[PDB]
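Okay, here we've got a single chain as structure tokens, the form deposited in one PDB entry, with questions on binding and movement later.
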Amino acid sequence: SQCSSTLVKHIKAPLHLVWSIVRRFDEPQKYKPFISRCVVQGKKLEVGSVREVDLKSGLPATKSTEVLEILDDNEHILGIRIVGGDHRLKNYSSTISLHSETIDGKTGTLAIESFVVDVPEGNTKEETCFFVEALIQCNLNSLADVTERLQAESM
């Protein structure tokens, strides 16, 4: 009836740098490959700020409206809830927490993204949820590439 799943990604870059990008609720296109532009109505980073995402051309969907639900600069957590948009996903919530770990002897970040979303009418978990897992996996993969180029650029 509803599907929750958790995606994990190891990143070869320092936590503060990774947070610096993740934390931008007004700039998801920073690393999310399917976003074209983003507009935040109100003060960009408060809990309750709505954003209006425009996806890129030639994808199944074109727009998404999302609400920032948690931004914790302390425990490094970011929660959103999608609330509208032509993708037709219903009741989607997603949290990304960021933990400090050590990868290949140097400092690194674990990304943990959880999400919950209703399985559409007439379709099974087995048909649907691997698409949502894929998108996020892709989103995290891109965060890694982006952050690591940034951490490499610093040298």
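Residues that one form lacks are left out of the comparison. Superpose the two forms; the largest set of C-alphas matching within 1.5 Å is the rigid core. One-based numbering along the sequence shown.
The next section is about a form of this same protein that is not shown, the form deposited with a small molecule bound.
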Practice item. May I ask whether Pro60, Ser64 and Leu89 each come within 4.5 Å of the small molecule in the bound PDB entry, counting any non-hydrogen atom? Key: yes
Check your understanding: Just to confirm, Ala13 within 4.5 Å of the small molecule in the bound PDB entry by heavy atoms?
Key -> no
Review point. Would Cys38 count as touching the small molecule in the bound PDB entry under a 4.5 Å heavy atom rule?
Key: no
Exercise for review: Consider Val132 of the chain shown here, and say whether it contacts the small molecule in the bound PDB entry, taking contact as heavy atoms within 4.5 Å.
Suggested key: yes
Point to revise | Non-hydrogen atom contact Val22 with the small molecule in the bound PDB entry at 4.5 angstroms | key: no
Point to revise | Moved runs of 3+ residues, each with a C-alpha displacement of 2 angstroms or more between the shown form and the other one on the rigid core | key: 103-105
